[PDB]
Amino acid sequence: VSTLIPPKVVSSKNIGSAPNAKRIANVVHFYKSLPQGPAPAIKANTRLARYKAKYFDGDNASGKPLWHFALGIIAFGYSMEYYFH
Amino acid sequence: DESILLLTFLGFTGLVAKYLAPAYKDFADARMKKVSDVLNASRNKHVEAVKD
């Protein structure tokens, strides 16, 4: 009797394995990926984006904006001492 | 009077920048590395799936 037709019916091996699910994710995801990002934000020259550029970089954990920002509040109230005295 | 207090604040920031800021740098670095490594690992993981 003639061989049956199972080997040639493939359309439930298109969901049949788990990486089909992953495939339909990364055919979208990686295809819509850019070569490099859009932009990281670091500066924009609003003149305080420069503050971010010098101090608040991705790799700058350096305490300098803190010191500067602290010193700003010291400059503020010290003048206000002379506003009240 | 209050300039003595400001001198104390200056000393306080001096101790912080001496000791803590390199430690916090190292701490921040450590976590950043871990996040990044996980992230890049995930990228590897899906690349495997493509081949599979």
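Using ideal geometry, Cβ is built from the backbone for each residue, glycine included, and neighbour counts are taken over all protein chains shown. Derivation of every value follows stated rules applied to the coordinates shown; laboratory data play no part.
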Computed from the mean reciprocal separation of all distinct C-alpha pairs, what Kirkwood hydrodynamic radius does chain A have, in Å? 19.5
Per-residue mean of C-beta atoms belonging to partner chains within 10 Å, peptide A:60-73: 3
Based on the alpha carbons, how large is the Rg to Rh ratio for chain B when Rh follows Kirkwood? 1.51
To test your reading of the geometry: what angle, between 0 and 90 degrees and rounded to tens, separates the Cα axis of helix A:64-81 from the longest principal axis of chain A? 40
Over 18 Å between alpha carbons, listed pairs A:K54/B:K25; A:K43/B:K18; A:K64/B:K33; A:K22/B:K45; A:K8/B:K51: A:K43/B:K18; A:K64/B:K33; A:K8/B:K51
Taking H as built 1.01 Å from N, whose amide H comes closer than 5 Å to the amide H of A:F56, not counting residues under 5 places away? none
Take every residue in peptide A:35-41, count the Cβ atoms of other chains within 10 Å of its Cβ, and give the average of those counts. 0
Can you find, among A:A49, A:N14, A:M80, the residue sitting farthest towards the positive end of the charge dipole of chain A, where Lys and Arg contribute +1 and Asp and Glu -1 at Cβ? A:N14
Quick one: angle between helix B:2-15 and the longest Cα principal axis of chain B, in degrees between 0 and 90, rounded to 10, please. 30
